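One structure is given here, and the rest of the page talks about it.
Sequence lines set the chain letters: A, B, ... in the order given, protein chains first and strands last, and positions in each chain run from 1.
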Amino acid sequence: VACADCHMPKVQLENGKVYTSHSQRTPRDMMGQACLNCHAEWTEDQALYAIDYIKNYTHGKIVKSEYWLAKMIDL
Amino acid sequence: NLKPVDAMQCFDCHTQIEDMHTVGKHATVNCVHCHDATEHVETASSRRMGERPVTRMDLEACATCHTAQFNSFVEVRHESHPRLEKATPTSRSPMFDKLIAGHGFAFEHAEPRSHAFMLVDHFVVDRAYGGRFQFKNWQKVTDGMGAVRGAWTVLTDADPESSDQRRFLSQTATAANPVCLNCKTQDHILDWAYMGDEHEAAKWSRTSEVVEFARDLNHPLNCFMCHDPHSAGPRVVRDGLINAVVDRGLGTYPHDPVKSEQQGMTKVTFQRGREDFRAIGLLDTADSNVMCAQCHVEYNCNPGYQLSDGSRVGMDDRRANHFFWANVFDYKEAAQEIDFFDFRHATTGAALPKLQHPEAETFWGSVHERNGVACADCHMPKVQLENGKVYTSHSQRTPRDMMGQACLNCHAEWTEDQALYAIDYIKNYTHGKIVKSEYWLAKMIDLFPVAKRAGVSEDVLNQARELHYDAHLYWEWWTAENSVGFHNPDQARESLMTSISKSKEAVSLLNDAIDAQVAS
Amino acid sequence: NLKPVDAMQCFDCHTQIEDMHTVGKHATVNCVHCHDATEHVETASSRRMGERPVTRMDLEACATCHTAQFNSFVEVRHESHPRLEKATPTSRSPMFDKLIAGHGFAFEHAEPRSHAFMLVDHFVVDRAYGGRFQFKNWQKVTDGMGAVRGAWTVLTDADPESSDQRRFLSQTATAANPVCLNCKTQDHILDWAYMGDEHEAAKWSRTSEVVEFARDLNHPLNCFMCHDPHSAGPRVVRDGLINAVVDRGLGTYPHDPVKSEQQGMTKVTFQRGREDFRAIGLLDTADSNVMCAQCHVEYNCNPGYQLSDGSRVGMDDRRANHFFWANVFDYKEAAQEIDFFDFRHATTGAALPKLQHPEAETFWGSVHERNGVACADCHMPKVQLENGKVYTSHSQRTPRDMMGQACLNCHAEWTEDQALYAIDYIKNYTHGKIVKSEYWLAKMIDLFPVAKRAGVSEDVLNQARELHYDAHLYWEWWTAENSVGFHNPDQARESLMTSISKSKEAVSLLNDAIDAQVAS
Amino acid sequence: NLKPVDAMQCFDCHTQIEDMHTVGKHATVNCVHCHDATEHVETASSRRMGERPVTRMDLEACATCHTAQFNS
Ligand code: HEC
Ligand code: HEC
Ligand code: HEC
Ligand code: HEC
Ligand code: HEC
Ligand code: HEC
Ligand code: HEC
Ligand code: HEC
Ligand code: HEC
Ligand code: HEC
Ligand code: HEC
Ligand code: HEC
Ligand code: HEC
Ligand code: HEC
Ligand SMILES: [Ca+2]
Ligand SMILES: [Ca+2]
């Protein structure tokens, strides 16, 4: 998998010539084309939930890392 | 990957193309994008073609550099209900079968749908080819992109071994002929002489076997129908339109000599063996009124009969490919000027005209046309983008889908709901008068057998038949025309009241004549 | 609170039940859930019933352990418009009154609505009981749960003191008879002998007073119509269906001997006094095609006449409870094989068939049926849950409400809009041909009085009456059938073109005969 | 309106560009779409630039034939 698969996917058209979207943005805007095409077992809400589980966990460890850095700095 | 050819070499023999190509916005577009001419160049002389070069007529030849326009054109409007018969109580002409009896449209006449389907729909309608052609299955009816790639990628022929027009199912007709195809495709643009006249250099003509012609045709509404592929400038290619505007000197706007001069057409003729063969009409401006009038007009594209003596007018006659280029109140005079009618009514025996989608001729003289508004302003507007390169939408559809760009930009005083209400006021009023016109036509038609059987004279029946011509014309124009009055509401109102008047006159004539027979 | 009984004691006398109950998925479900048999056990012998045990037929007897299926079944689809007459310009058969004149359906024939209402709707329709039964007020029409609890909780009888069929309002009919109820309820399953034949052990039969029978019936579409309550296995209970498939050896799929063998039915007969009394059909597989064919078929459930001599065929005759089990092109032969027709047309005098909702017979041979798809795949699919125990929806409704589960799961190439467009292409085309078939039938019907009055011979009128039978059959099948062609579009197209052909033949015959009379 | 230039003349001095341009999917795209080299061609040799040709770096130089990609 590469950056483009999630951030600049092929456009899906009922009737049209396919081209590659150059709107290089979060897959949240185009989950059908940038996620769910590969993850048939998921709805959009489930895929978003999986993203948020990772971001919430990671952000919590960022905040804790900053708490300990700040404690050290202040010493 | 394409390899460019040396255009200078082509230009040595193709001066008309040189003069168009080197000046316009396709000056940098190499011939190889649309022609394979290697063996042609090896074998041609300055006056003889030699090996025929290949010319691409597929729309993908333009989509490579103009994807936005191609994609907007091919989009399917799913809200444009498909295969919806007009002769039903919930559509445009509830009493169509009684009124049109005698004509091939009785077999099927559906509402239009998106442009991608025009060639396939022409091939599969029940009135056209006796049911010979079908979609490969009922699923393929959705496939607009497939239809654009080619009709024969999505259709089947019930009998590839024969080429005659015949019925394959009982309730079908064989109304199609080669003239029809000129408003569905221009794949045959290099194979058809101007007007479909016989010509040594033409593979196809008005008298060809239409089933064989059909098999050679693939793409709907080629992009080059409105845009010259060499100069990229605005044009028309439809022979019948050029013939009306230029040959017959009627002008692009017959009711406005000044606008006709400002927004005019220049006929350009190409030869084969130094004999005129085909023509295009270059437009002074990018005037969608005249571009769309290549097809959205009343026309003849069929055999018929002479008003003078009733004799048959066949496909071989020039009149079988004809643009009347006349509004509803000038139409009777235009049909008399070519001595022509379409069919005899099955019940009344009246000589009658058959009217078809006269949007261009109806739009003339309307408030919008008089103020310089054109079809594209309401039906293919510029796209509005917060951040983007603007292009012209090619979706060609009702303004209901894009009211911001198609109406509200000019009508700042209105919300979308107000603008829709104004449209519906006109369509509701016009439709009410269409229904009333049909009620009176039907009442008149039903009196004909009663009058014949009561012994009413042929003189009185013929009087009623002359009234039928007018009652029919002044009604059918409006079931044929697709705006349900919107494009010219005052003219629709005047015409439909004329229809009703004519029918009422005929009802009174026949009722009195029947009563007099009975009393005697 | 329920107290279990000793089933071993029951099984001593009920070997058939033992063999079914102990083997299936209801082996642990105690008899007390559905039977109160205490006094029965005290008084019965091995061959004599003694006191009759009580058997619960209410759907709540199953809802206690199967709430999801019960709730999905009882849901009211409010988009299924209620009490919507089909003989109107905006519904299925704009010219129904002229075409059906002579038949009781002229009094009222509405579009179907949700299954919860089937028994109440049968009781209150204007054609059934002379207007005797009404909802308690006009508010109760919404109450699907109330109707399921029991018809008589939501309805009133205008005269509880009499039991005769008669008109209570002028424009009503008394078409109901006991056979009708077999497709509305099976509350009478232990009180009705197979086919409704006379039987010492049957309280009710084809010849019963239908008003008295009606008062004994409460619940729509009992859950056990498709599921044996003892084995929980798939079955049918409808006598007419078992008779066609098994007694007459036609098979579950008359056009496919192999599928009939793989997906077959086993008739199981229960006796009273060691004499055959009632029967069920156990299915080899959980085949909703055959489950739904208990009711969604063309049938006789009424008196009629013989084609041979015109004599009356009453409710006492076996033919008054009959599944033709024949597609539209085999139907005429199936009616001839029992020497039967329904009514004489009020205007033309033709012997005519009356067709009713033939969804099962139409579905045979269609692309979906041939590929092993069944009614439930489109009309009662499995539920899709992100996190949940899957069960089968019992909502029984148009796939428009659940396109993801009912179409798009199989048709990955389509969006919901594309799939809807494909449905509408077929329904629009088919409806157009229905309307045209009615136009031609009406034109033929209107010629009958003109021909009679002009002195046209009985020989010619009878010729036209024979054509009327076919013109009618090949049209009415499609206003009766609920998919507007979707279940078999090619067959609908062929049939409706046949209708039009037959009418046109009759119009030409009568018009010529009238003209010849006039000329003489 | 753009007027095409003689790319073969360019290639007499621009072999690296020739080997790239003639093989790929821009082989039919004339140099005038992105370069104004008139005075360059009049004054250059294979060893001396002469007048510096102009090279277009604007995205509109591509948006003309590739509007869908530009707009997205
Ligand atoms: C799908 C499997 C992905 C691939 C492959 C790449 N990225 Fe991604 N990226 C992904 C997600 C789910 C997110 C979070 C987006 C959200 O809305 O929560 C991201 C985030 C980015 C961002 C920040 C986007 C924003 O916040 O608006 C950038 C700049 C980004 N990713 C860049 C990027 C690059 C350069 C990649 C290839 C090396 C790449 N991503 C791969 C999902 C996916
Ligand atoms: C890298 C960050 C990119 C920039 C800047 C531009 N494009 Fe692009 N383009 C990119 C990728 C990853 C792809 C798909 C390649 C693949 O095959 O998977 C593309 C594709 C194109 C195409 C081909 C047709 C298509 O797939 O749409 C064209 C014509 C194209 N890109 C044009 C284009 C233009 C005009 C740009 C400036 C606005 C542009 N690209 C920027 C990556 C990158
Ligand atoms: C003179 C020796 C020629 C050269 C060099 C080229 N063409 Fe030609 N062409 C020539 C003749 C005499 C004709 C018949 C029409 C006429 O003008 O008299 C043609 C025809 C064409 C056509 C039309 C083919 C058709 O199907 O009708 C095309 C598309 C065409 N020629 C293209 C073309 C191209 C692209 C060339 C350079 C590669 C070229 N021709 C060279 C005479 C000569
Ligand atoms: C890329 C190699 C192209 C092919 C193939 C086609 N066209 Fe084109 N077109 C191209 C360019 C670079 C331009 C100029 C863009 C600009 O605005 O400077 C054009 C222009 C047009 C226009 C506008 C002409 C005008 O306003 O005067 C039209 C209507 C047009 N092109 C249509 C068109 C059609 C119908 C094609 C297939 C036959 C087609 N073009 C091919 C690039 C390319
Ligand atoms: C002949 C080649 C045509 C030209 C040029 C134009 N139109 Fe057309 N149009 C044509 C046909 C044969 C059809 C019906 C196609 C079918 O398969 O049924 C149409 C349809 C339309 C519609 C209705 C579209 C819908 O959503 O139902 C509209 C609004 C329309 N046409 C407008 C239109 C305009 C504004 C044109 C000039 C830009 C134009 N058309 C050109 C045939 C042809
Ligand atoms: C241009 C002057 C035309 C000729 C010649 C023919 N048609 Fe046409 N057609 C035309 C337009 C502008 C439209 C859309 C507007 C409308 O009112 O329909 C159409 C539409 C069709 C359709 C679809 C709708 C329908 O009638 O079922 C079919 C099947 C169709 N046209 C067939 C047809 C045949 C068989 C022709 C020769 C007899 C024919 N068309 C000529 C424009 C033009
Ligand atoms: C007539 C019915 C048309 C057909 C068929 C096609 N196009 Fe078109 N095009 C049309 C109009 C009325 C206009 C606008 C002219 C104006 O200046 O108001 C256009 C414009 C173009 C352009 C120019 C850029 C733009 O305005 O978007 C291009 C590049 C163009 N059209 C391309 C195009 C292609 C590729 C077509 C086949 C899919 C096509 N056009 C058909 C009218 C007509
Ligand atoms: C805005 C002032 C308009 C101009 C200029 C043209 N038309 Fe039109 N058209 C207009 C409206 C409001 C309607 C009714 C649409 C609705 O949804 O109620 C129409 C209708 C059509 C149709 C039928 C479209 C459909 O039913 O899907 C066609 C084929 C059509 N118009 C073609 C057309 C042509 C060829 C024009 C220039 C001659 C034209 N229209 C001008 C609004 C406007
Ligand atoms: C609880 C005491 C129950 C009552 C009352 C009814 N049923 Fe039942 N049923 C019950 C169980 C525990 C099971 C087995 C569940 C499992 O999957 O293991 C069932 C099963 C069914 C089935 C499925 C049978 C099969 O797939 O072979 C059906 C169709 C079924 N039950 C229907 C049904 C009906 C119609 C009832 C009322 C007459 C009914 N059940 C009562 C538990 C209970
Ligand atoms: C006889 C007991 C029936 C069986 C078994 C099935 N159906 Fe039925 N259905 C029946 C009636 C009498 C009615 C009309 C009820 C009323 O009060 O009007 C119906 C209705 C339907 C409908 C329409 C529902 C709506 O929303 O309008 C559908 C889609 C339907 N029926 C489908 C269906 C299927 C798929 C069955 C097998 C699982 C089935 N029905 C069984 C009578 C009976
Ligand atoms: C099974 C073979 C049936 C017999 C016997 C009867 N009906 Fe029926 N009915 C049946 C189905 C599958 C449906 C729904 C589909 C449809 O086309 O309606 C119905 C519907 C009704 C309705 C509601 C719709 C309507 O016609 O108004 C009523 C009022 C109704 N049925 C009454 C009725 C009477 C009076 C019957 C005996 C003469 C009768 N039905 C028999 C299935 C079956
Ligand atoms: C025939 C028209 C049916 C009636 C009446 C009822 N059900 Fe049903 N049921 C039906 C089918 C076609 C199926 C699926 C069979 C398959 O395997 O594909 C079912 C399934 C059940 C089950 C099993 C669990 C499940 O799949 O949901 C149960 C427990 C069940 N049905 C119960 C049930 C009840 C309680 C009913 C009255 C409200 C009921 N069914 C009616 C067909 C029919
Ligand atoms: C999917 C391939 C289907 C199968 C298998 C069956 N039917 Fe169907 N049915 C289908 C569609 C698309 C429609 C039209 C629905 C719409 O909203 O347009 C129908 C219609 C019905 C109806 C009428 C439903 C209504 O109008 O509310 C009935 C009563 C019905 N179908 C019954 C039915 C039966 C009994 C089937 C098995 C023999 C059956 N259908 C199969 C799609 C499908
Ligand atoms: C029209 C005159 C063009 C200009 C200016 C540019 N490009 Fe282009 N490009 C053009 C064509 C006709 C094609 C081939 C289309 C086909 O698929 O046959 C291309 C192709 C590309 C591609 C795809 C290349 C590949 O897949 O190998 C890309 C990425 C591309 N073009 C990008 C591009 C950029 C970045 C431009 C501005 C510097 C540009 N193109 C100009 C036509 C034209
Ligand atoms: Ca005409
Ligand atoms: Ca019947």
Exercise for review: Using the test side-chain hydrogen bond (donor to acceptor under 3.5 Å, both in side chains), find all partners of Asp143(B) that sit at least two apart in sequence or belong to another chain.
Suggested key: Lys140(B)
Check your understanding: Who pairs with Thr55(B) by side-chain hydrogen bond (donor to acceptor under 3.5 Å, both in side chains), at least two apart in sequence or on another chain?
Key -> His35(B)
**Study point:** residues 12-22 of chain D: residues contacting chain B (heavy atom under 4.5 Å, by number)
**Key:** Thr22(D)
Check your understanding: Any chance CD of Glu79(B) has more than 12 other-residue heavy atoms, nucleotides or ligands included, within less than 6.0 Å?
Key -> yes
Practice item. Under 4.5 Å heavy-atom distance to chain D, tell me which part of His33(B) shows up: side chain, backbone, both or neither. Key: side chain
Exercise for review: State which residue, out of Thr28(B), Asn30(B), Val5(B), fulfils the side-chain contact (heavy atoms from CB on, under 4.5 Å) condition with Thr28(D).
Suggested key: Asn30(B)
Exercise for review: Determine the sole option in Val383(B), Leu385(B), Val390(B), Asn387(B) for which the side-chain contact (heavy atoms from CB on, under 4.5 Å) test with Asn71(D) is passed.
Suggested key: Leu385(B)
Check your understanding: Any side-chain donor paired with an acceptor under 3.5 Å for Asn1(B) and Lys25(D)?
Key -> yes
Check your understanding: In terms of heavy-atom contacts, does CZ of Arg400(B) have more than 12 from other residues, nucleotides or ligands at under 6.0 Å?
Key -> yes
Point to revise | Where at least one partner belongs to residues 59-76 of chain B, residue pairs that pass side chain to side chain donor-acceptor pair (under 3.5 Å), sequence neighbours excluded | key: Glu75(B)-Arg397(B)
